[PDB]
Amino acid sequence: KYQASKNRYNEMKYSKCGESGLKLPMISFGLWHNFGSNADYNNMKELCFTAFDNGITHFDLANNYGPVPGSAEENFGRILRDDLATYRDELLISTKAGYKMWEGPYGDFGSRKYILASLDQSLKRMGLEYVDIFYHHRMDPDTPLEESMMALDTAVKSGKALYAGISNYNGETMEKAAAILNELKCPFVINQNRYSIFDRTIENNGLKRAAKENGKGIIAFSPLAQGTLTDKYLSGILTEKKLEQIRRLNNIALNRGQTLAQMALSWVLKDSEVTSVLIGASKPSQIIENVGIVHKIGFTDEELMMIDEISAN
């Protein structure tokens, strides 16, 4: 019954993952929220269909997305089986292991045991032969980096992942990971990190610069900073200081013909080293509003120095 829009590649822009021939849509769709046990199945399908119809080819999951850890993967597995499997070779599907998935010493952090056992569970829940990208979800300083990276390499060499990625790494540790995956001859093309007007962590921990200097992509998540970079906290007449930052940023957005959310998405994409911005949605209208932003990623030196002075604590 679902037939992907014939116009789905007409507007979206696609960007190389650093030096790689792998291209992400400039807007990627994440299943962190609204795909869990309590989610409505018809709404989840419509969100996926809306995403793909607008040229979003990348669906981002993790083992523990729900809630109930694994529910998002199982739900996406059902959407694939029922309607999207037809288009599987047009989709990039990711999953991850590295945060808490199940109880006990093998269900969190980083070991080869957890990472590989988790990937098998993810493939079973999603009904896939492989994921396009398999990520180490966060750094584990208590496991040798060589062990976690060799686990990603085993995933790729076992035909269970096309490419390796890492998430939440700093610049120094990303460099070490890149060196290990290079020596293992394991495709490694993408970093997934939190980035917004209100979260400059990757500008200060070396990740944004290390990714660019080593030809690795970046996919930015939480670009709307927990609803603070949306209309949610705006009036038409939650510290007083935060509401003021939001009021002034929204004025910069209005002058650009954008909502605050739209400008927040455009800002994360302003620099070429950021490959894609990862959005969420509860309703299709949010996808449709957000996909216009890929066409306004340019900012004047004035807009930028104002956004920085306003966002500065």
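Residue numbers run from 1 along the displayed sequence.
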query	finding
Residues of the deposited sequence left unbuilt between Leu238 and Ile237	10 or more
Average Cα temperature factor in the PDB entry - higher stretch of 280-288, 50-58	280-288
Comparing 304-312 with 4-12, the one whose average Cα B-factor in the PDB entry is higher	304-312
Maximum C-alpha temperature factor, selected from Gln262, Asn63, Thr275, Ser28	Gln262
Peak C-alpha temperature factor (PDB record), options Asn168, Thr228, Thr173, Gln121	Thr228
Ranked C-alpha temperature factor of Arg125 among modelled chain residues, by third	lowest
Relative C-alpha B-factor of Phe188, binned into the chain's lowest, middle or highest third	lowest
Chain-wide C-alpha B factor ranking for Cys17, given as lowest, middle or highest third	middle
Among modelled residues of the same chain, the CA temperature factor third for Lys160	lowest
Ranked against its chain, the third holding the CA B-factor of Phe198	highest
